[PDB]
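# What the coordinates show
Residues per chain, in single letters:
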Amino acid sequence: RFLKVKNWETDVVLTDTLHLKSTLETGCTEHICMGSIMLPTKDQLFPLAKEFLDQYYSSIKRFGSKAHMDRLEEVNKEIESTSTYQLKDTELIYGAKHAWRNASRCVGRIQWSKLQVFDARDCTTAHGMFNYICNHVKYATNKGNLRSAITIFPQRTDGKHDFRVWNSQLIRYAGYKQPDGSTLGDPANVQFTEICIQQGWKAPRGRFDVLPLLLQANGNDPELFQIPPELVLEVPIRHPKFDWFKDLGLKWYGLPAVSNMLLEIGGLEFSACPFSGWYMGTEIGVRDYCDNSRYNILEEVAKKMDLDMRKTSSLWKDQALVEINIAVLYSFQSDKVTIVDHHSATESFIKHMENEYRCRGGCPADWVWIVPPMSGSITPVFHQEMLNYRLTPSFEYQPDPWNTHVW
Amino acid sequence: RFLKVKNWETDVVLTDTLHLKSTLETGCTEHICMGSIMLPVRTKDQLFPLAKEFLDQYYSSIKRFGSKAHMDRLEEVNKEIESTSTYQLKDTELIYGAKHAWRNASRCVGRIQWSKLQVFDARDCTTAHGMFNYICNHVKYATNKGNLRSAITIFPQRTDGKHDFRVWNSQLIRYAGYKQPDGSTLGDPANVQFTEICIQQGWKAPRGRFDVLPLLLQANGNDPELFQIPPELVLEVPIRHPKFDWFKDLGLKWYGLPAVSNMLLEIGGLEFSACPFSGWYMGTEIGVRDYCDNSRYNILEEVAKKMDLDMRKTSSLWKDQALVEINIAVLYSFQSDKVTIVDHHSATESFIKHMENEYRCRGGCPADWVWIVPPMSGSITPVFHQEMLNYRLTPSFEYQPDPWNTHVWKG
Ligand code: HEM
Ligand code: HEM
Ligand SMILES: C[C@H](O)[C@H](O)[C@H]1CNc2nc(N)[nH]c(=O)c2N1
Ligand SMILES: C[C@H](O)[C@H](O)[C@H]1CNc2nc(N)[nH]c(=O)c2N1
Ligand SMILES: CCCSCC(=N)NCCC[C@H](N)C(=O)O
Ligand SMILES: CCCSCC(=N)NCCC[C@H](N)C(=O)O
Ligand SMILES: [Zn+2]
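## Let's talk about the overall build of chain A
For chain A, the count of helices and strands is 10 helices and 16 strands. In summary, chain A has a C-alpha radius of gyration of 23 Å against a globular reference of 22 Å for 407 residues, a match within 12%. On the principal axes, the C-alpha backbone points of chain A span a range of 70 × 60 × 45 Å. In chain A, which comprises 407 residues, the proportion classed as buried is 55%. As displayed, chain A has an accessible area near 17,700 Å², and 50% of this comes from carbon and sulfur atoms. One finds the centroid of the 45 positive side-chain charges in chain A at a distance of 4 Å from the centroid of its 49 negative side-chain charges.

## Examining the coordination of the iron atom of ligand 1
On the protein, A:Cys106 (SG) is the one donor atom to the iron atom of ligand 1, at 2.3 Å. Counting through the fold element by element, A:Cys106 comes out in the loop between α3 (89–101) and β3 (116–119).

## A short note on the coordination of the iron atom of ligand 2
All names here are of chain B. Just one protein atom donates to the iron atom of ligand 2; it is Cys 108 (SG), sitting 2.3 Å from the metal. Each of the 6 donor atoms bound to the iron atom of ligand 2 contributes to angles spanning 80 to 177 degrees, and the resulting shape is octahedral. Relative to the helices and strands, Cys 108 is located in the loop between α3 (91–103) and β3 (118–121).

## What about the nonpolar core?
Judged by nonpolar contacts, the single largest core of 125 residues is most densely connected at A:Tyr289 and B:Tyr291. With sequence-adjacent residues up to four places away left out, A:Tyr289 is seen in contact with A:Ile237, A:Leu250, A:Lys251, A:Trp252, A:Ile284, A:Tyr295, A:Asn296, A:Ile297, A:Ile324 and A:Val328. One finds A:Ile370, B:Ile37, B:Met355 and B:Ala367 within the second-largest nonpolar core, a separate group that totals 58 residues.

## So, the site of ligand 5
Residue and element names in this part refer to chain A. The environment of ligand 5 is formed by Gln 169, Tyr 253, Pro 256, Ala 257, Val 258, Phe 275, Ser 276, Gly 277, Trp 278, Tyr 279, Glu 283 and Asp 288. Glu 283 has a polar side-chain atom sitting 2.5 Å from a nitrogen atom of ligand 5. Between ligand 5 and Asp 288 there is a distance of 2.7 Å, counted from an oxygen atom to a side-chain nitrogen or oxygen. Considering ligand 5 on its own, with 440 Å² of exposed area, one finds that the protein chains cover 77% of that surface. Looking at the shell around ligand 5, the elements with two or more residues in it are β12 (257–258), β15 (275–276) and α6 (281–290). Its residues placed into classes, the shell around ligand 5 shows 7 nonpolar, 3 polar and 2 charged.

## Focus on the interface of chain B and chain A
At the interface, 62 residues of chain B touch 64 residues of chain A. Of the roughly 5,400 Å² buried between chain B and chain A, counting both surfaces, carbon and sulfur atoms make up 60%. Considering only the side of chain B, the residues that lose the most area to chain A are B:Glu30, B:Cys33 and B:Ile380, jointly responsible for 11% of the buried surface there. Where chain B packs against chain A, one counts 0 salt bridges. In this structure, the connection of chain B to chain A is made through 31 residue pairs in polar contact. Elements supplying a minimum of two residues to the side of chain B that touches chain A: β1 (3–6), α6 (283–292), α8 (318–336), α9 (344–362) and α10 (369–372) of chain B. At 10 residues, the largest contribution of residues to the side of chain B that touches chain A is made by α8(B). For the side of chain B that touches chain A, the residue count by class is 28 nonpolar, 24 polar and 10 charged.

## Considerations on the domain arrangement of chain A
Residues and elements named next belong to chain A. Along its sequence, chain A is organised into domain 1 (16–121 + 148–158 + 262–276 + 346–370), domain 2 (122–147 + 162–233 + 397–401) and domain 3 (234–256 + 279–344). At the junction of the two partners, domain 1 supplies 22 residues and domain 2 supplies 17 residues. Between domain 1 and domain 2, roughly 1,600 Å² of surface is buried when both sides are summed, and carbon and sulfur atoms account for 59% of that area. With a shortest N-O distance of 2.8 Å, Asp 162 and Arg 156 are connected by a salt bridge. One can count 9 residue pairs in polar contact joining domain 1 with domain 2. Residue assignment for the side of domain 1 that touches domain 2 shows that the elements contributing at least two residues are β3, β4 (149–152) and β15. Its residues assigned to classes, the side of domain 1 that touches domain 2 comprises 13 nonpolar, 5 polar and 4 charged.

## As for the site of ligand 3
Around ligand 3, the neighbouring residues are A:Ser36, A:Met38, A:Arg287, A:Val368, A:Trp369, B:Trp369, B:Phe384, B:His385, B:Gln386 and B:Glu387. Chain contributions to the surroundings of ligand 3 come from chains A and B. In this structure, A:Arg287 approaches ligand 3 through a side-chain N or O atom, which is 3.1 Å from an oxygen atom. Contact between ligand 3 and A:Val368: a nitrogen atom at 3.0 Å from a main-chain N or O atom of the residue. Per-class residue counts for the shell around ligand 3 are 5 nonpolar, 3 polar and 2 charged.

## A few points about the domain arrangement of chain B
Many authors give the size of an interface as the accessible area that is lost as the parts come together. Residue and element names in this part refer to chain B. The domains assigned to chain B are domain 1 (16–123 + 150–160 + 264–278 + 348–372), domain 2 (124–149 + 164–235 + 399–403) and domain 3 (236–258 + 281–346). Just the C-alpha atoms count here: the centres of domain 2 and domain 3 sit 24 Å apart. Listed per partner, the contact involves 20 residues of domain 2 and 17 residues of domain 3. Between domain 2 and domain 3, a total of about 1,700 Å² is buried, with carbon and sulfur atoms accounting for 55% of that surface.

## Brief notes about the packing of aromatic side chains
Applying the stated criterion to the full structure yields 43 aromatic pairs over all chains. Ring centres 5.5 Å apart and planes at 65 degrees place the aromatic pair A:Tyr173 and A:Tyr253 in the edge-to-face group. Of this pair, A:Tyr173 sits in the loop between β5 (164–165) and β6 (175–177) while A:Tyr253 sits in strand β11 (residues 251–253), placing them 80 residues apart in sequence. Neither A:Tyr173 nor A:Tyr253 differs from the other in exposure class; each is buried. Look at B:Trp254 and B:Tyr255: their rings are 5.1 Å apart centre to centre, the planes differ by 25 degrees, and that puts the pair in the stacked class. Of the two residues examined, B:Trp254 and B:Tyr255, each falls in the buried class. Put simply, the rings of A:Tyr173, A:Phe208, A:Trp252, A:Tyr253, A:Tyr279, A:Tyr289 and A:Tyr295 touch in pairs and so form one group of aromatic residues. The side chain of A:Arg147 reaches across the aromatic face of A:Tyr139, ending 3.7 Å from its centre.

What counts and what doesn't
- Residues numbered from 1 in each chain as written, not as in the entry; some residues may be left out.
- Chains lettered and ligands numbered in written order.
- Heavy atoms only, no water.
- Helix = DSSP H or I, 4+ residues; strand = E, 2+ residues; numbered from the N terminus.
- Rg over C-alpha atoms; globule rule 2.2 N^0.38 Å.
- Buried < 20%, exposed > 50% of the residue type's maximum accessible area, 1.4 Å probe, protein only.
- Areas by Shrake-Rupley, 256 points an atom, 1.4 Å probe, with all protein chains shown as cover.
- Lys, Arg positive; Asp, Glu negative; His and termini not counted.
- Charge placed at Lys NZ, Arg CZ, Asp CG, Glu CD.
- Donors = N, O, S within 2.8 Å, 3.2 Å for Na, K, Ca; no water.
- Tetrahedral: all angles 85-135°; square planar, octahedral: opposite > 155°, others 65-115°.
- Core = buried A, V, L, I, M, F, W, Y, C linked by side-chain atoms within 4.5 Å.
- Contact = heavy atoms within 4.5 Å.
- Near = heavy atom within 4 Å.
- Polar contact = N/O pair within 3.5 Å; in protein donor to acceptor, adjacent residues only side chain to side chain.
- Nonpolar A, V, L, I, M, F, W, Y, C, P; charged D, E, K, R; others polar.
- Buried area = accessible area lost by both parts, 1.4 Å probe.
- Salt bridge = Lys/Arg side-chain N within 4 Å of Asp/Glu carboxyl O.
- Domains from an automatic or database assignment.
- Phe/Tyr/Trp six-rings, centres within 6.5 Å; stacked < 30°, edge-to-face > 60°.
- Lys NZ or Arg CZ within 6 Å of the ring centre and 35° of its normal.

See below:
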């Protein structure tokens, strides 16, 4: 019931008690681990509300206070009468910060308490949503000195009036299937791009076309908006030693902003809640650039480097991988756009993990996601045992809207 | 039930039914995943079911399930258990069991080779000297002048738990580690404790950076005894780099034969506490872990210094650059000397093929992603993108406590 985690590099042992406050289910059983699987009423709502308000009042050191009992009473009446309830600004801010604190797949959580929360619960239309999003984009980007932020649209009601951002991230590049047979641009975005085209987007059909936003308000049909080009900060990719690198014609955007997830606070569901921080280098240089089903550039780069590509054991892929990642970090730093390398990021996460163990009794962490996709064992998180469990408030996956939405 | 796994690079979806034959537990619950945790005498009563399920599997594999020979074997084992409290495997069952323990080993990326395993039956062994002889023969057979062959040597099973055979070494061949008075370590820091034990037992330590440890061997529950593997049987590879001529002057070498010796083999409820097995290296085990862990030889700094990388900031990726070069050197060196080794691209690609074949013909392939994914360049290997299901099938290889913690010293 009390659990130990060991670091095998340092021999440091930490004791986890926080997992006992765990609510949601993992996908694992006593018989089968699913650790590497990507996706494994009024009566219902009040326990969820109480659970949350209890942790909220405990955090401000007012547990069992009159003001605690009063709010619990208030929320109870509101659920009974209206079948839902509304969070106070304080509770919303606390909830959003804690959903991030609880994000077991996020290596950047040392930052969790420094989060700007934009309350967009007064939004009613897709145009309103677009305005809120541009303001988020501009605030967070901050001329390259990035600041974490989340923008929170109205909560789910009867589930027929959902707010959704149809994009998976606020800023992404289009993907196009070619007559040739190949894919132009980002192969991850082919289906979304087609939906944009079908809804009327005039596609430039280039390699790096910033997708339009497809915004859904109050369960209405989604609408298209183009983010002002001047608000989308992009970085051309060059290498500090290879002058040919720029000739590859590569660039990426500065703002990673996940827009397809669901924020659950006190049993309330925020289906539209785009949030953003800043990139760890490997996200672009390893995953976006080198996944075979993404921009898949390893071969071209290796060729420019004149590596022996005849045999896997020359480690030509590995050599080119390192260089691509050097070029990403270098280009972002030169243009003064916040980026973190995987050594620095994982080192900070270990410090955060120890902070969380001593101050909270644990830190839920998904090792499979936390360990960077290159140089795993030369980062300290590789050697760190982690326990994975689900705490609430949380960010949840949700089905893509085009499968749910009735037009 | 059916469980599906997806490869996110290829969209290939596989269906697992094999997990339904799993009996042992994982450490995980519906409330907590322990998938990154390193380590998460029976009765007649419990023994016969274990024997029976094993012999049912064995007899199905040979297409003789429910045969008279199958039924007679069950009766024979049942009577042996009732009468003696244990039973003896036939040589065929032992070979099958050992092959299956490997097939079922969810942390092993090399399992495409599972059916090609030389099994040495050492169940007639009675003394540490006898053990030493068996182990020398295994080393020589497996090494095969660099053309490595998978092998396992199987010593007598546990009886009352007071007469265990154990190899005290974690691997048959490993380098000594010595803690210095100034707190630095000479040699391999992983083996400091075991090295101290050896010295205490009377080993004369050379006290160098790459001293092959003596074997410490326990037979029949007796105090363990020291033996030096004949040096001529210990194949080693000096490490050099194909383009960097200074790499040789780091003084690095490694041994060719990885032979895990501290695990327990379970077959049909029987426990083989001494069962060293060996295959061949995947390059990263040496060039990433053994050389570049901070708690091991930790050579990253010295290599990057010699390469004149910018070491002032992590974001130059100097550690990553040196890491690749070190790993090129390990593969280059083994290949040049004609010692079997496999790179992490080849190994993982072979594992994916094995895994798909296993799904098709066996209904599953239990796999531990945390262990299967190599410790460098994770996502440019296909396994990173492969969803896996981890569960425990028998026969199996298990961890067991280090024997110096549990041994009752006789004197
Ligand atoms: C401040 C800098 C941040 C860094 C360096 C960072 C780092 C990361 C990384 C590397 C991932 C894995 C992404 C992937 O492989 O696709 C991740 C995932 C995640 N992060 Fe963070 N993050 C940051 C900010 C944030 C913020 C502000 C939030 C919420 C307010 C957040 C919540 C999450 C969640 C829910 C995931 C999992 C997303 C998914 O499952 O696809 N992160 N983070
Ligand atoms: C034939 C070539 C083989 C290759 C390339 C290979 C590859 C590997 C690698 C890279 C590991 C992880 C090692 C570590 O990180 O410490 C491993 C683990 C393992 N292998 Fe294999 N292996 C091979 C043969 C074998 C054989 C012959 C057996 C048994 C008959 C076996 C059983 C196991 C087991 C039980 C583990 C987990 C060990 C542990 O938990 O420490 N392997 N294998
Ligand atoms: C199958 C496996 O779970 C999948 O490839 C995961 C592995 N780890 C990951 N880790 C991060 N951070 N992001 C990812 O997309 C993935 N993909
Ligand atoms: C904490 C973590 O489970 C531990 O470092 C594991 C991770 N994956 C591994 N994978 C392999 N193949 N070998 C190892 O020793 C480890 N160590
Ligand atoms: C967006 C806020 C959540 S964490 C921020 C982040 N650093 N990455 C997020 C996911 C981006 C994706 N991996 C990509 O490489 O585009
Ligand atoms: C021994 C047979 C089981 S798997 C074979 C193997 N390829 N490696 C085994 C473990 C070696 C360790 N990683 C080392 O670097 O010495
Ligand atoms: Zn699990």
